[PDB]
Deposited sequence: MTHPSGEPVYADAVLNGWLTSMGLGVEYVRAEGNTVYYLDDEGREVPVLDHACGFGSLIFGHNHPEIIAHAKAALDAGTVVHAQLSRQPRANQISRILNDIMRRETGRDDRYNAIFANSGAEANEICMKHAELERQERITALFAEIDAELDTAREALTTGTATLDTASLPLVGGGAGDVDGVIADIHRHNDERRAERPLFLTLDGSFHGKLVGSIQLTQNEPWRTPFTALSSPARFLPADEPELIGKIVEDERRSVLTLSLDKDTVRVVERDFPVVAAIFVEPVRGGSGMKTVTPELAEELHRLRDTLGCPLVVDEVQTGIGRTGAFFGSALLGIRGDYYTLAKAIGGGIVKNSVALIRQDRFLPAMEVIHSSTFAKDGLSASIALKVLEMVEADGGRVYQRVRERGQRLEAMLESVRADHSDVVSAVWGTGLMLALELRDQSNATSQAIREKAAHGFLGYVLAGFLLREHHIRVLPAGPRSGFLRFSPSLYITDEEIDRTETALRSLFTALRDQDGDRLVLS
């Protein structure tokens, strides 16, 4: 009952899962904790800041570059002054996307401090586009109302009264202006996929499906409709139910009718090339083509969230380029801080980019000189030696995927699938809510199965894995590109061991 100032419930829960350890040092693919005698125990990290560490913990090149930047007196805080490095970083990302998509498209960069902040820059810029469309629409409706009023008062035309159910000249116009104003003030909608993860701030949390994380906060901010990635013939009808009308007067020279016109409700569509909250499921070509159709049909941007899939994780710089997702806006974060600093970027296509965004959006820490310098170092490293780092991610990915398939094949009773691509992989666990072992069943019923199994891997095999998915029903594997053959072999041994214990329903060995 001693005073506690942070993390009491978090630490309590981690301890009961078998994950209550303090990591005191990290290098490459290894984190170290202290045993009861104070000796360092090496642990293989498969979590790696949820994919932040493409080059591992504390990479010597990144550490050396950061120390040189600090010793040179880099200007970290230079707000409202010329910062050329931002333009230099945007140019590199622009060149990389042209190379990988073969499209000669140009993107403006706005920097931020987290993946959530970068996704919220996109939500905001998407809402600027929607307000432009609304102004244009309402300007036309005024002109259509003036013309109709002209025709009805002068006498040239008669008002059809079969149309009045949708709401007498001046009264009908005021009634249309009221209807349209109510509509204009309504919150927009965002479209996402089922299992989507786009961050946990007031705006972005509405775009994250995981129900315990989101549903408490529903009232704060614009909702998302979660489109079923699996059943995509249902997406058409879900979006069609979200159609909303404004009213105007249509003159067909001699007759005037009240009619509905489309109102732009949807601000943006968001998509992850590889779906973190769905267990690392890659977007299929069929789902990509449906997202393209919705973007072309609604005229709102398609925002590609590469916060996790970017900076080479999938075996290309851009996961979207590898899977043929043709986005309007793109976001990057995790790996761009080199595993030491915090940085993110929204890339917005220049033919849609509203220059007001460059001066009405800002942040104290955004575009700081230190994360800028380190971003340029990370881009230099991932681009080095004629694209060999992408080739190495692809080869390491194949090796790790092959091992995971070989484990699934012999353990199909407890593993349902292997998902993801490059070095962003996961095993799907079969439901254990009917397990013979009461301890396993109880944990699976509370959605803690994945964490319990992660605990086993830590204490028995010195391997750090974290679960994914809304019931911790997936085990994530997202190590650095320096993961060795020996470390993949040790992971295979650890998994065969874990899935043999789970098969044998050994609750005493798995659950504390």
Problem - Regions left out of the model, expressed as runs of the deposited sequence counted from 1 - result: 1 to 5, 173 to 177, 523
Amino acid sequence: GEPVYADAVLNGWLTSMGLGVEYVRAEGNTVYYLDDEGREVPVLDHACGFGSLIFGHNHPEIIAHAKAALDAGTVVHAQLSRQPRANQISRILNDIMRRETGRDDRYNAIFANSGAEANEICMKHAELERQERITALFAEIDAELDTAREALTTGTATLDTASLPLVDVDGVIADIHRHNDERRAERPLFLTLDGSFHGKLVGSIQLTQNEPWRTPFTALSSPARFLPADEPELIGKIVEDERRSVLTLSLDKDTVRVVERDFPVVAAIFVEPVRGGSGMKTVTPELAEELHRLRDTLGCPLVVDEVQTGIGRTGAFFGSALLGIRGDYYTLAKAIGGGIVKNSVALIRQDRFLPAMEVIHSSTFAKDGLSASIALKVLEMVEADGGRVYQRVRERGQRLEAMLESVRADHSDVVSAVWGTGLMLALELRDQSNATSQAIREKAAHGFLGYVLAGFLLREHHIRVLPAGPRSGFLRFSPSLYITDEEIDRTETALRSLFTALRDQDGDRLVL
From here on, numbers count along this sequence of modelled residues.
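Think of the rigid core as the biggest set of C-alphas that the two forms share within 1.5 Å after superposition.
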Handout entry: Higher-deviation stretch (C-alpha RMS, rigid core fit) in 8 other deposited structures of this protein, choosing from 438 to 446 and 191 to 199
Key = 191 to 199
Problem - Stretch with larger C-alpha RMS deviation in 8 other deposited structures of this protein, core superposed, 307 to 315 versus 240 to 248 - result: 307 to 315
Practice task
For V167, record whether it is unmodelled in at least a third of the other compared entries of this protein.
Solution key: yes
Problem - Given 330 to 338 and 219 to 227, the range whose Cα B-factors average higher in the PDB entry - result: 219 to 227
Handout entry: Mean C-alpha B-factor comparison - 382 to 390 and 106 to 114, higher one
Key = 382 to 390
Handout entry: Residue of maximum C-alpha B factor among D71, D181, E290, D368, per deposited coordinates
Key = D181
Practice task
Choose from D305, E127, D262, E120 the residue with the greatest Cα B-factor as stated in the PDB record.
Solution key: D262
Completion exercise
For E61, the third of its chain by CA B-factor is the middle
Handout entry: Chain-relative CA temperature factor third for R243
Key = highest
Problem - Third of chain Cα B-factors occupied by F55 - result: lowest
Exercise for the section: Can you work out whether the C-alpha temperature factor of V258 puts it in the lowest, middle or highest third of the chain? Expected result: highest
Problem - Record-listed C-alpha B factor of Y482: chain third - result: middle
